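One chain comes next, on its own, written as structure tokens: the form deposited in one PDB entry.
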């Protein structure tokens, strides 16, 4: 499958930016763009051979892990750390069968009982996104936790917390130029801070925003979506135009109108 490499060791805003441009470039075919926003491939009819891309992450401690991203939604589906592969609970037969094509060469393959969505992951992590730190240092740490899961070195709460950081720093930054900007600021000043309300509200409404845009009357939404600003003030979106510098990829919801 395509593999993209990124190391947290000595990451700068440009090597991180290059990494996220490369992931978006693998996720998209260029075939489907609606109101200037690329739509991800539709899962019905996609061949297994084009279903996943892999992301190989390395850290300052010279440890690596490879995450498998699903190309229809850019979400992390499972991962490899040396001799073992772990996959989240497939929530349908089609996906149960698809993940058998990943990391076939690994000896021990495990499937967790829990899925990879945020709520399960926050329950298991014993903590919410609002309290978990994101930045180059948290991702550095996450690479190690994930890698030492193999050998009893990581307990399930640190595993879940490391999954939340990976998914927001890779999958969500690819879904949104806005969240990628948020991560670049953290790297520029080498800060680590929990996500503010605008980040979490964007992440929660990615699927609904994709549908509202694709079902729109020429860009006009039938019902408005309320998002939040950094300080928590709510605001309504009525049109795709203001989301164009904010969302970078949409999940396929319907075919483009005539």
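Residue numbers count along the first chain shown, from 1.
There is another form of this protein, the form solved in complex with a small molecule, and it is not shown here; the text below is about that form.
Proximity to the small molecule in the entry with it bound holds for all of 230, 242 and 246, with the criterion being a heavy atom within 4.5 Å. Scanning 37, 27, 213, 202 against the small molecule in the entry with it bound with a 4.5 Å heavy atom cut-off leaves one residue, 202. Under a 4.5 angstroms non-hydrogen atom cutoff, the small molecule in the entry with it bound lacks residue 103 among its neighbouring residues.
Under a 4.5 angstroms non-hydrogen atom cutoff, the small molecule in the entry with it bound lacks residue 66 among its neighbouring residues.
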